[PDB]
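Undergrad: If you read the protein sequences in the order shown, they are chains A, B and C. Each residue of the first sequence is one higher than the one before, counting from 192 in PDB author numbering. Each residue of the second sequence is one higher than the one before, counting from 3 in PDB author numbering. Each residue of the third sequence is one higher than the one before, counting from 336 in PDB author numbering.
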Amino acid sequence: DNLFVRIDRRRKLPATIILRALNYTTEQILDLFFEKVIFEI
Amino acid sequence: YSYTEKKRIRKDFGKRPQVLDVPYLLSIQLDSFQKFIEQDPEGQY
Amino acid sequence: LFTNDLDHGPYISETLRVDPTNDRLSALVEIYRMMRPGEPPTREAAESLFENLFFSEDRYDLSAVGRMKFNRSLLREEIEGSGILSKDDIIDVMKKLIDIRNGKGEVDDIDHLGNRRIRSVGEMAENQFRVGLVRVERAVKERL
């Protein structure tokens, strides 16, 4: 269970690369595609 | 009754009231070509 | 973050773990490697290629019916817009694909008449005429 991107049906490529190309950071990606919880001690 | 039909009337056995007339059978091609060649101020087509 | 096995999933986190790129430039050069069988590690040509691939009006075009269908498919209420893909469009596409993966939604019907369209003589003639105009403009610019 992971996502790929294929442009013009050429060859497989991971789907995170297209997000990276649009000046997106890893933590921004995780904020976009996940929901957060708070842990406190 | 029209002049052409009055010379020979075809007996109709249909029993349901005609409500919508059969449209002009060649509308698609002419409408497409008119949309192609007609002046368009909005410039959509 | 939040993870499950029935309603949610680590679809993107695992992709990131398998993802070899680290920054924007590495992703751009990897895309350039994939597109071009030759692999020169340049700087500006890769960015230009990526920009013209999807964000250039002269090379990419979502028609009015295309934009309307795109907006209706992603439940977006507004029907009009631009013929150029945005980043929000891609984000919504992947979000909806994940939602389908999560069991929330269903796939489209290929043979539904709401997914197939009629193209008549005028549209094809217009396409051919535009092709001719595009062929003319190059020589026009060259000699200008």
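A virtual CB, placed ideally from N, CA and C, is assigned to each residue, including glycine.
Do the segment 396-407 of chain C and the segment 20-39 of chain B touch if we need at least three Cβ pairs shorter than 8 Å?
TA: Because the criterion of three Cβ pairs below 8 Å is not met, the segment 396-407 of chain C and the segment 20-39 of chain B do not touch.
Undergrad: Which one or two residues does DSSP pair with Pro19/B in a beta bridge?
TA: Here residue 19/B refers to the residue found at position 17 of the second sequence. Answer is none; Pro19/B lacks a bridge partner.
Undergrad: Could you name the residues of the segment 22-40 of chain B whose beta carbon sits closer than 9 Å to any beta carbon of chain C, in the order they occur along the chain?
TA: Correct list: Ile30, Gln31, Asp33, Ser34, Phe35, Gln36, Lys37, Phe38 and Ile39.
Undergrad: Which one of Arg359/C, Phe385/C and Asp358/C has the shortest CA to CA distance from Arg371/C?
TA: The sequence position of residue 371/C within the third sequence is 36, counting from 1. Comparing Cα positions, the closest option is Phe385/C.
Undergrad: Check distances from the C-beta atoms of the segment 346-373 of chain C to those of chain A and list, in chain order, the residues that come in under 8 Å.
TA: Of all residues in the segment 346-373 of chain C, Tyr346, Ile347, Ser348, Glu349, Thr350, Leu351, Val353, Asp354, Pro355, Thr356, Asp358, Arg359, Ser361, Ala362, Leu363, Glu365, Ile366, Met369 and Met370 have a Cβ within less than 8 Å of some Cβ in chain A.
Undergrad: Taking the continuous alpha helix (DSSP H) assigned at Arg202/A, which residues delimit it?
TA: If you number the first sequence from 1, residue 202/A lands on position 11. Careful: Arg202/A lies outside any alpha helix (DSSP H) and carries neither H nor E.
Undergrad: Looking at the C-beta of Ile209/A, does it have a partner C-beta in chain C at a distance below 8 Å?
TA: Start at 1 with the first residue of the first sequence, and residue 209/A comes out as number 18. It does: the Cβ of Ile209/A has a partner Cβ on chain C nearer than 8 Å.
Undergrad: Kindly list, in the order they appear in chain B, the residues whose Cβ is closer than 7 Å to that of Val456/C.
TA: Within the third sequence, numbered from 1, the residue matching residue 456/C stands at position 121. Near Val456/C (Cβ distances below 7 Å), the residues of chain B are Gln31, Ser34 and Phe35.
Undergrad: Could you list which residues in chain C have their beta carbon closer than 8 Å to that of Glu226/A, in chain order?
TA: Counting from one through the first sequence, the residue named residue 226/A turns up at place 35. Going along chain C in sequence order, the residues near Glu226/A (Cβ under 8 Å) are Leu336 and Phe337.
Undergrad: Would you give the residue range spanned by the alpha helix (DSSP H) that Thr350/C belongs to?
TA: Counted from its first residue, the third sequence places residue 350/C at position 15. Its alpha helix (DSSP H) spans residues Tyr346 to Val353.
Undergrad: Suppose the cutoff is 6 Å on Cβ atoms and the five residues either side in sequence are ignored; what does the same chain contact list for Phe389/C look like?
TA: Numbered from its first residue, the third sequence carries residue 389/C at position 54. For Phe389/C, where only same-chain residues beyond five positions count, the Cβ hits under 6 Å are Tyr395 and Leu420.
Undergrad: The alpha helix (DSSP H) that contains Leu432/C, what's its start and end?
TA: Indexing the third sequence from 1 puts residue 432/C at position 97. Residues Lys422 to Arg436.
Undergrad: Return the residue from the list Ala362/C, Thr350/C and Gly438/C that minimises the CA-CA distance to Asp340/C.
TA: Counting from 1 along the third sequence, the entry for residue 340/C is found at position 5. It is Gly438/C.
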